[PDB]
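Take a look at this single chain in structure tokens; it is the form deposited in one PDB entry.
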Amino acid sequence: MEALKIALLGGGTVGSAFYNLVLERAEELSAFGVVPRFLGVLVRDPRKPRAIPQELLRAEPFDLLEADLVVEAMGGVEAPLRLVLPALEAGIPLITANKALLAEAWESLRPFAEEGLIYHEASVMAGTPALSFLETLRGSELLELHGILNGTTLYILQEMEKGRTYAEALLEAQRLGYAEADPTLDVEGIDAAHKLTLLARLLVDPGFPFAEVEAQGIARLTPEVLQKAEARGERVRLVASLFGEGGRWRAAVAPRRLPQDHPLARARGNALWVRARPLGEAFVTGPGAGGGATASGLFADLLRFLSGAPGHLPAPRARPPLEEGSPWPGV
């Protein structure tokens, strides 16, 4: 039996659910040979009501070099980056839910990802299998990938289908915890674009640049646009696509018209659909946002680490696209 000393960065909805999940499942962890010992939880305001015991909270950065593991679910990019890098340079692994971080600081983070120090299942579709789904898909070669990767924009579209306005639906999405007070990253497709980047790096190109993704959000959509789609036997969804074009991989996020019985259109939750050679057509669905769903992913990654398995590796080298085969209707 050994102690697993954990530094948690972020005590929001994600960080709180992960804290409580770790302790609630400490009986599982002992089967893996450890007892969880949180060193501290970096938070913005330590005197705010929060579902973590108050004495464990830290308003200021603390030394991570004594941790066995860093778990991060902070907002943003540069501050978490600067906090995690000294831990990663010391060979301490990182489990993170921070898709922005990984999408936007990859020049700094790739060498540690290549060494198996970064676990980030929770950074795409929360605790729904997504990174692991693509790790198994690596048996095949990708022909086309389409996902519905953001929870907020799925929620808003579903509600606008029912005749709720954008604003009404957004307010609801904010109360359910899918969206922040400023939902810009969600509703402009940028969160889908960060997640799409990460999918690309795992499966097809370990250098894929976030800046190459072409992203458009849901701003042109209204209940009318959606009802008319429905009349045409279609549903409109914000889709994240990865496909070959003129010999290179291209990534796009945009509203797309789907057949109404397509797996993407029907899905229970966020979804990832792929067509690959020789496997064929495969699909995964589940919750893509929320504290408990995200914490599940972080905890799956902690078990992965405890079992002796390395983190999520980028593709070992860029793969060649097979189909230039390049799909679509936009709205």
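Here, rigid core means the biggest group of C-alpha atoms that superpose within 1.5 Å across both forms. One rule holds for the numbers: they count along the sequence shown, beginning at 1.
For the pair 78-86 and 121-129, the mean B factor over Cα atoms is greater in 78-86. Just going by the entry, 89-97 versus 132-140 on mean CA temperature factor gives the higher value to 89-97. Residue-level inspection of the entry shows that, of 158, 241, 197, 184, 158 has the top Cα B-factor. Between the residues 146, 232, 110, 201, the entry's highest C-alpha temperature factor is the one at 232. When all modelled residues of the chain are sorted by CA temperature factor, residue 255 is found within the middle third. When all modelled residues of the chain are sorted by CA temperature factor, residue 1 is found within the highest third.
Ranked within its chain, residue 290 lands in the highest third, by CA B factor from the PDB record. Per the deposited record, the Cα B-factor of residue 114 falls in the middle third when ranked against the other modelled residues of its chain. Remark: residue 331 belongs to the highest third of its chain, ranked by C-alpha B-factor as recorded.
The same protein also exists as the form deposited in another entry; that form is not shown, yet it is the one meant from here on.
When the two forms are superposed on their rigid core between this form and the one not shown, the C-alpha shift of 2 Å or more among 89, 107, 182, 224 belongs solely to 182.
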